[PDB]
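1. let's see this in three dimensions:
(chains A, B, C, D, E, F and G, ligands or ions: 11)
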Amino acid sequence: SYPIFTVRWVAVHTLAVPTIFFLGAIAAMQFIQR
Amino acid sequence: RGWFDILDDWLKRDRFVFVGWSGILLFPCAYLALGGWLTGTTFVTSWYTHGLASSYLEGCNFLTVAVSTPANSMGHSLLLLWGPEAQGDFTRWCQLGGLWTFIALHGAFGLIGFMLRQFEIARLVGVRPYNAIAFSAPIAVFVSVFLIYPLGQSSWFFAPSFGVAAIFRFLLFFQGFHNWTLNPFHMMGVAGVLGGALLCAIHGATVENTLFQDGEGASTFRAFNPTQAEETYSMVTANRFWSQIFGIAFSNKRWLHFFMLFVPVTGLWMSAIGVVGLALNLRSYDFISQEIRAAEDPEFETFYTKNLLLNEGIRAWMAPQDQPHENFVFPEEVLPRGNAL
Amino acid sequence: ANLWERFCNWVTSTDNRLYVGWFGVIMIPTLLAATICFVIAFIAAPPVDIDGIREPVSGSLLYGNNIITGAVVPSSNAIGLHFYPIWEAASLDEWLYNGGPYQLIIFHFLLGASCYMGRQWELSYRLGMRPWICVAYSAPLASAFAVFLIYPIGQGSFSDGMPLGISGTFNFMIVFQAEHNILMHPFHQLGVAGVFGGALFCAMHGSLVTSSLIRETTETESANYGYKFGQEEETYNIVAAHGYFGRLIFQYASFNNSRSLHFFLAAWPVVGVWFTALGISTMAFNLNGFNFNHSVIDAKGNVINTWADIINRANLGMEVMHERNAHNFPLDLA
Amino acid sequence: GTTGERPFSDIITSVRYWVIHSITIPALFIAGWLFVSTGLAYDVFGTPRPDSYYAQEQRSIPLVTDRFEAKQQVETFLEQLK
Amino acid sequence: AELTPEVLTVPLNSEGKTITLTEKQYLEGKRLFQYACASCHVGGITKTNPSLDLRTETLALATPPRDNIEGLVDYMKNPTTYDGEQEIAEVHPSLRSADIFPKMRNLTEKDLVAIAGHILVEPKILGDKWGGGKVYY
Amino acid sequence: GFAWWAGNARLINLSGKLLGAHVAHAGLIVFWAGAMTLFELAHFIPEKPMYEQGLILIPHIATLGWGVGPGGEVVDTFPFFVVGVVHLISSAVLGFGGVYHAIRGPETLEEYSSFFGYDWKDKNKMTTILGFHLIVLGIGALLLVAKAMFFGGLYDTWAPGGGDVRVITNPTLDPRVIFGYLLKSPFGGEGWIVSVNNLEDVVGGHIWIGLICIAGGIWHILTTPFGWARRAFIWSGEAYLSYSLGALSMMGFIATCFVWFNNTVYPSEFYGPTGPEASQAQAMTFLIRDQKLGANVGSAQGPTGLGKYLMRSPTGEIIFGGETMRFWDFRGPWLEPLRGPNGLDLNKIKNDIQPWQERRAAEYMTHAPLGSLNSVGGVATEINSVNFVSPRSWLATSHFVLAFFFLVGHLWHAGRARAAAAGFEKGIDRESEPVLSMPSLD
Amino acid sequence: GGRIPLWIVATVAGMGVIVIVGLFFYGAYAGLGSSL
Ligand code: CLA
Ligand code: CLA
Ligand code: CLA
Ligand code: CLA
Ligand code: CLA
Ligand SMILES: CC1=C(/C=C/C(C)=C/C=C/C(C)=C/C=C/C=C(C)/C=C/C=C(C)/C=C/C2=C(C)CCCC2(C)C)C(C)(C)CCC1
Ligand SMILES: CC1=C(/C=C/C(C)=C/C=C/C(C)=C/C=C/C=C(C)/C=C/C=C(C)/C=C/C2=C(C)CCCC2(C)C)C(C)(C)CCC1
Ligand SMILES: CC1=C(/C=C/C(C)=C/C=C/C(C)=C/C=C/C=C(C)/C=C/C=C(C)/C=C/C2=C(C)CCCC2(C)C)C(C)(C)CCC1
Ligand SMILES: [Cl-]
Ligand SMILES: [Cl-]
Ligand SMILES: [Fe+2]
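-> Numbering: from 1, shown residues only, chains lettered A, B, ... in the order given. Ligands and ions are numbered 1, 2, ... in the order given. Shown next is the protein structure:
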């Protein structure tokens, strides 16, 4: 009997969600030519 | 049992991450300072404030990305999103350096929130607040360097930019212009940081090498129980070793741990004081007696005079690119140079 | 009962106010030779031609220096890595002019400090202790080896070792940055993390223990009198400390095994300073900090400066000015 | 020892967790990528593209030199590239 | 700014004919310059003789003028001193001396045009940085 | 009772599994030697100097005389291929025995055979295993002598005509020369064994070492430790490990200086110029340049009063001026033709500098062993362009790092071995704390 | 609850990090920031 949505859930996703999005953006950057 | 006491109940519940009343200040501010740094180092230029590339999007690596100070022409403007300079335009705000004040101001308020947090948790758990007190030292350093120092100068532009290489340039600036290594307040800070590092290593090793044999395993970590009353290492044998090796040793376990608090905290406070003087160009740059002798006596040379020649080279060779708003044009023939080089 | 065994018993005795030991047998004479010569030179030595260009630098107090500018000056670049004891000079005057005192001090010092490490092992053995305190001391010792011996070996001359003085130290680190870009070298970056982190953890551990002292005194006394030397029970409550610090961050970010915590306290600054000693020692062989000069260019090919290029401007200013008279040819290759 | 949340190691080894996150994680990765590859990121933040740091013959930085005319100075710099 | 055909247009000979390299040739020449020449000529200077750089204004006053594709391709085959008075194949890399400078062995005639083209385009992009030395770094 | 992170300590008294650990690990060393060579060859371009190509294994093979001809030029790459291939193949055999003895073979050996089984405290058996390995090593040293004297020779950077592969017919046997080296000072101008500057002394040294190791191998098979050795050492597996760690660390520091200073067994044609060499080359380069312009390099007074191009060492020799005065102990084949009895000879400098010496000096000054961690060649202030870090810098730095840590591991394991042997490596017995039974210091 | 073995999750996550860090190090040699 555990909850899914806690304060802890929020903190974790507040960091993890933009972290992956940013990793995608930086990945795309390696294929940019001048 | 009104609404305040109900909220107080909820803020102070034992959970994986404790919140508290200070979480209302700390968590938004800490998250926005961090979020602003990552946003800016990933996407934002310094082309209009500095003439620099500073983001991953522009080709910079982790060492060279930065969130840079605003342009010198902004003075000490708060640079609010909605203020007279950016006038609500988010894009212009980024290009004018608004992320720097955003990060620096939210950061300041986050540090307040964190210290409040140390006070709050100490009160609930029932211990003395010396961890909060020790944290005063990073606060003094933050506000003296990121707030008091540029406020004494012409603009935010001369504060530190938030980045690895940009901080390195700040170190060299302070040498060439302030001769900051010569400052007794920095020397005291250096002694405090190196002294703390020393104390940290020597206390960890002494404990680890005066352990009592409290188990049979060759891994000695298992032979400790967090509820045991007995000391896990011999203070008596440690005192004897250091007394014979070094001449003196600790004998009081509380004095030792207070001394560990005292040494780096004090060093940081001292260095903070010296930066306050540098806010006003109140440097310890020169020794007058040296200069009078050297001016009159072209054979008198010391390591002191040698370093000022180095300082003069730093100023003359970095200033045009590092202070672009001044439009310094130094023709080749005026640049200070030794032979051949 | 034999005269030699009586001497051996005194040397290794655990009852001497200061332990001597077999390592002590080498350390005491060498540290006294280095100390006495350093004091005398710091106060009275005449100017020394450190760069072999017949341009003496004044290091001693009697020759117009104060505590901050004074130094025992490195030996002449004309000597390079050649051994220069007193008995190789035609006179003490010559030996002083050419920087003899510096070689004498650093060689005796390096020997004595190496034996100091040995003596830390040795007494630990006589006292029934675990052996590894000397392993912690090897990080500062390696750092002293790097700036006094290893770096002169890589660059060909003891004149590029670190001067024995406060201003001389700064000259050494300013010249090092131009020539090697040490700020951009990851082993110096880890050294900073070892030393910043060391001071941090020192403050944390001191403040957590102090925060959880068990009440044992009145408000009119130093809490320190709550601890009696050699008492058996702990003087603070680690459960309270852990309970505070776990809630400050989160639970598993905090130590509750005091042996793990203190091993962590030892490891972090020691490993960080190993790396920084290694950074100096490998920059001795000119494997330098990262170089990102002109690494960003636009579509046409204009250079787009970064903070690394600004660092380079500062480095350039150090390069062109240091030893302003000692270079006849366009490259400063050592 | 526990405050009532579900243990992390129990979650990340649960199949339901991986059913949800094998979608959410790459979707976010793809999302950020397109933010860059469509060029949106340049326009949101005002970051020069490789061809828009200088005018063709220009050798000078477009350095903001006024406080209250700053927003308009950048706009004047930008139109000198069109 | 970008690499426009006007940028990539350089003199072919002393009679004022021009040639327009392509982006390909420019990057080809830059690669080849770094492989065969940059150990002494990084940035358009000359480490082993700083008095003589690769600036277009210096090349134009060489005898044989060398501020054009022809003069440069000739130089890489049969280099001479600045006044044209003596040949220096034995101390300067060239095709005439590829036996003693082995990196010159595999350069074809089109490689020489790209290298030459690179040397003439570059001061048009970098201005004073090309051949200026550390003052402009 | 060791934790997982100290897991390999569990093998101390399991001689079967510890054998496979050693043999499989020896497969990793031979594997890397094989693969690195094939990688280096696959990337090798013969028109470029080796030191412009980040090669460190091909230069060791070329130095043995394979693949190269006059002047150091690569003439045939098949020897490189073979050495890489044979090493790689061999690593599978060793890996095979390694994992067999680690997983399936008898967990301990002393029940299966009294020959291969050993006890660390058995001073007789230990010295016998030492003796076998001393003989193997002695054969190893003689294999180099064979190659030098009977199988095509070795590359000789000093050979007249620019360097060449030369068969060594008269190795130096005079013990006054061989052991004379071992008694030279390590300080400048002397350089201890790093000063060896001719292959006759090199080959002669290996004849002596081969014989001494074989003689010592047989001595240690036939004897047991004398009583004075018995009371002076700790006799345990960890203690022996600690001794070898000290020895490897010493060896690593010596190798570091060898590759940094020595240009005989590390020829500069393959590894690039040494530090001192490149610095001397710059002085030579501008001497040549200025003298062609009409400069009288013998009489030119520089800004300090010292000669701009030429000055005296502290013992009087004519040497190059400028900062390279510190490097006047450098000796190299492109420079030595200019040396007379008093140092550099002004009449040779004015008349006998050959174009190949001008070429070589220009080449070496522009390849000085200076560069950045990301392989930008030159001083720290140089702009991107030249991709170069000298093999001498890569080899010297890596082996200093390794040497340093193995000295730490010596301290770690020697201290522990002493404490383990005396019974207090796990901590102090509360009931019998030595200090508590000692009188107080005051 | 404990379906996917934790050591398998640790290996794939670890390989995934290596992939991305390797991509960033390849990019220091190509495109923007390469010096070419
Ligand atoms: C407690 C959390 C917290 C704190 C302390 C701050 C603090 C700050 N923020 Mg941050 N911010 C936060 C949360 C927080 N923010 C959150 C959650 C977000 C996400 C939306 C942001 C987004 C954000 C941006 C985008 C910016 C800031 C900025 C600022 C700075 C200027 C603030 C200011 O002038 O306020 C002024 C407003 C107040 C002080 C409100 C006080 C309310 C009073 C007490 C009541 C007034 C009554 C009412 C108005 C009357 C109505 C009239 C009626 C007739 C209709 C300051 C450092 C600016 C900055 O950093 O620029 C450099 C900026 O541009 N913040
Ligand atoms: C011939 C060399 C040699 C040998 C055979 C041993 C053997 C042993 N050592 Mg000693 N040691 C050595 C060298 C050696 N050591 C050196 C050079 C040092 C100095 C650093 C030490 C320091 C040392 C300590 C401090 C301890 C030992 C211990 C041990 C025992 C357990 C080791 C174990 O299970 O590790 C398991 C292996 C690991 C945990 C892996 C270590 C990970 C390393 C540090 C990272 C290396 C990666 C490298 C830097 C490149 C990075 C690439 C990246 C992809 C990872 C075992 C008897 C333990 C002991 O006393 O037992 C009696 C112990 O506590 N060793
Ligand atoms: C040079 C590296 C090296 C080597 C050769 C060994 C070897 C060994 N270790 Mg040590 N170890 C190492 C590094 C190494 N270790 C490091 C870095 C750590 C830290 C994580 C440890 C931690 C550790 C612990 C904690 C323990 C050991 C133990 C052992 C022994 C038994 C292991 C076993 O049965 O596993 C069983 C494993 C398997 C069956 C999995 C398959 C492994 C195979 C051999 C891989 C072969 C791959 C390759 C493709 C083979 C091709 C074959 C072909 C050539 C024919 C064995 C001799 C154990 C021991 O001492 O027991 C008494 C033990 O408890 N080790
Ligand atoms: C130093 C390493 C070493 C040591 C000490 C041992 C020791 C032992 N092994 Mg192991 N083994 C090794 C390496 C080693 N082996 C390697 C490399 C392999 C893979 C080929 C094996 C594969 C292996 C198997 C499959 C078995 C053993 C077995 C045994 C035991 C009996 C062997 C016997 O009677 O041979 C007596 C002597 C000989 C047969 C003569 C060998 C002469 C060799 C082949 C020539 C010398 C090689 C040369 C010097 C170096 C190579 C040259 C090259 C560079 C070109 C013994 C404990 C057996 C065992 O214990 O079973 C329970 C067993 O079944 N071993
Ligand atoms: C891997 C090599 C190796 C190893 C580990 C050993 C190990 C051992 N040998 Mg053997 N030995 C070897 C090779 C080796 N030997 C060879 C090749 C020979 C033939 C010459 C011998 C001849 C030999 C004899 C004749 C004897 C031993 C003995 C011993 C034992 C005592 C060693 C001792 O006291 O050293 C400690 C060293 C000393 C007390 C003196 C050191 C003197 C050196 C020269 C000082 C200089 C060091 C300096 C810092 C570096 C510069 C070099 C210098 C020369 C300039 C020990 C078991 C003894 C024993 O018990 O025999 C059964 C013994 O009497 N060995
Ligand atoms: C500003 C702003 C804002 C905010 C924002 C934010 C909030 C953001 C966030 C963001 C984020 C939050 C981000 C993140 C990202 C991250 C990243 C980018 C990461 C990376 C990392 C990595 C890369 C790592 C790696 C590693 C290493 C190195 C080692 C170990 C392993 C690992 C893997 C860990 C708002 C809107 C309010 C409005 C105003 C403006
Ligand atoms: C014990 C142990 C361990 C270890 C292991 C080891 C270390 C092993 C080794 C192994 C090895 C060491 C292996 C090797 C192998 C090899 C091989 C397998 C080979 C092959 C080869 C080939 C096949 C080749 C081919 C070719 C040719 C012939 C020619 C050219 C081309 C080529 C190259 C392709 C561990 C820690 C993990 C775990 C625990 C236990
Ligand atoms: C090959 C060669 C050569 C030769 C070499 C040789 C001949 C070598 C030898 C070497 C040797 C012949 C070595 C020796 C060694 C020694 C040592 C290294 C020692 C050790 C010792 C110790 C470590 C001890 C310790 C101790 C003490 C002191 C006291 C008591 C305790 C004990 C015992 C622990 C030459 C150069 C010509 C050239 C090139 C090649
Ligand atoms: Cl200087
Ligand atoms: Cl020079
Ligand atoms: Fe403690």
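2. quick one, helices of chain D?
-> For chain D, the helices defined by DSSP state H cover D:8-12, D:15-37, D:40-45, D:70-79.
3. hmm, I was thinking of the stretch 1-150 of chain B
-> Along the stretch 1-150 of chain B, the segments classed as helices by DSSP state H, counting those that start in this stretch run B:3-11, B:23-43, B:90-95, B:98-125, B:130-134, B:136-142, B:149-152.
4. and chain F, by the same measure?
-> Listed in chain order, the helices of chain F (DSSP H) span F:15-43, F:58-63, F:78-99, F:123-150, F:175-182, F:199-222, F:227-230, F:237-261, F:268-271, F:275-292, F:346-351, F:355-365, F:391-422.
5. same thing with chain E?
-> All helices of chain E, identified by DSSP H, fall at E:23-36, E:38-41, E:56-60, E:69-77, E:109-126.
6. name the surrounding residues that touch the shortest one.
-> Residues from elsewhere that reach helix E:38-41, judged by C-beta atoms under 8 Å, 6 or more residues apart in numbering or on different chains: E:33, E:46, E:47, E:48, E:54, F:362, F:366, F:367, F:377, F:385, F:386, F:388. C-beta here means a position set from N, CA and C on the backbone, and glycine is covered the same way.
7. return the distance of the residue of chain E found nearest ligand 4 relative to residue F:69.
-> Per C-beta to the nearest ligand atom, residue E:102 is where chain E lies closest to ligand 4, at 35.7 Å. The gap separating residue E:102 from residue F:69 is 13 Å, by C-beta to C-beta, to the nearest Å.
8. which of those two has more neighbours?
-> Each of residue E:102 and residue F:69 has its neighbours counted (other C-beta atoms under 10 Å in any protein chain shown); residue E:102 has more, 17 against 14.
9. give the contact list for the residue nearest to that one when sequence neighbours are not counted.
-> Excluding its sequence neighbours, the residue lying closest to residue E:102 (C-beta to C-beta, 6 or more residues apart in numbering or on different chains) is residue F:47, at 4.6 Å. Neighbouring residues of residue F:47 by C-beta under 8 Å, 6+ apart: E:102, E:103, E:105, E:106.
10. 10 Å instead, please
-> The contact partners of residue F:47, by C-beta atoms under 10 Å, 6 or more residues apart in numbering or on different chains, come to E:35, E:36, E:98, E:101, E:102, E:103, E:104, E:105, E:106, E:107, F:73, F:74.
11. surely residue C:226 touches residue B:252?
-> Yes: the criterion here is C-beta atoms under 10 Å, and residue C:226 meets it with residue B:252 at 9.4 Å.
12. look up how far residue G:13 lies from whatever residue of chain A ends up closest to ligand 1.
-> Of all residues in chain A, residue A:14 sits closest to ligand 1, at 12.0 Å by C-beta to the nearest ligand atom. Shown here: residue A:14 relative to residue G:13, a distance of 20 Å by C-beta to C-beta.
13. tell me the residues of chain B that contact chain E?
-> Chain B comes close to chain E at residues B:317, B:321, B:330, B:331, B:332, B:335, B:337, B:340, B:341, as judged by C-beta under 10 Å from any C-beta of the partner chain.
14. got CSV for the contacts of residue F:47, with distance to ligand 5 too?
-> Formatted as CSV, those follow (distance: C-beta to the nearest ligand atom, whole Å):
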residue, distance to ligand 5
E:35, 46
E:36, 47
E:98, 49
E:101, 45
E:102, 43
E:103, 44
E:104, 49
E:105, 48
E:106, 50
E:107, 52
F:73, 38
F:74, 37
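15. buried ones only from those residues, please, as a PyMOL command.
-> Entered in PyMOL, the line below selects the buried ones among these, by 16 or more other C-beta atoms under 10 Å in any protein chain shown:
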select buried, (chain E and resi 35+36+98+101+102+103+104+107) or (chain F and resi 73+74)
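16. of the contacts of residue F:47, closest to ligand 3?
-> Nearest to ligand 3 among those: residue F:74, at 33.2 Å, using C-beta to the nearest ligand atom.
17. and the closest one, how far is that from residue B:208?
-> 55 Å.
18. then residue C:204?
-> Residue C:204 is 18 Å from residue B:208, by C-beta to C-beta.
19. one more: residue B:113?
-> Here residue B:113 is placed at a distance of 36 Å from residue B:208 (C-beta to C-beta).
20. ditto for residue B:78
-> Distance, residue B:78 to residue B:208, by C-beta to C-beta: 51 Å.
21. so for these two, which sits in the more crowded spot?
-> When residue B:78 and residue B:208 are compared for neighbours, residue B:208 comes out ahead with 22 against 13, by other C-beta under 10 Å.
22. hmm, residue C:267 and that one touching each other?
-> Yes: taking contacts as C-beta under 10 Å, residue B:208 lies within contact range of residue C:267: 9.5 Å.
23. residue B:205 should be in a helix, yeah?
-> Yes: if the criterion is DSSP: H, G, I helix; E, B strand; the rest coil, then residue B:205 is within a helix.
24. got a list of what residue B:236 touches?
-> B:210, B:251, C:229, C:230, C:231, F:428, F:433, F:435, F:436, F:440.
25. how about the contacts of helix E:38-41 in a markdown table, adding distance to ligand 5?
-> Formatted as a markdown table, those follow (distance: C-beta to the nearest ligand atom, whole Å):
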| residue | distance to ligand 5 |
| --- | --- |
| E:33 | 50 |
| E:46 | 47 |
| E:47 | 42 |
| E:48 | 42 |
| E:54 | 53 |
| F:362 | 40 |
| F:366 | 38 |
| F:367 | 34 |
| F:377 | 37 |
| F:385 | 45 |
| F:386 | 40 |
| F:388 | 36 |
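26. rewinding a little: joint contacts of residue B:208 and residue C:267?
-> Taking C-beta under 10 Å, 6+ apart as the criterion, residue B:208 and residue C:267 both touch residue C:136.
27. ok, the residue located most distally from the centre of chain C - contacts?
-> Most distant from the centre of chain C: residue C:300, at 47.9 Å, with distances by C-alpha atoms, centre = their mean. By C-beta under 10 Å, 6+ apart, the residues touching residue C:300 are A:34, D:50-51, D:53-54, D:56-57, E:1-4, E:7, E:124-126.
28. please report how far it lies from residue C:322.
-> Distance from residue C:300 to residue C:322, by C-beta to C-beta: 36 Å.
29. stretch F:146-163 and chain E, any residue contact?
-> No: on the criterion C-beta under 10 Å from any C-beta, stretch F:146-163 is out of touch with chain E, staying 10.7 Å away.
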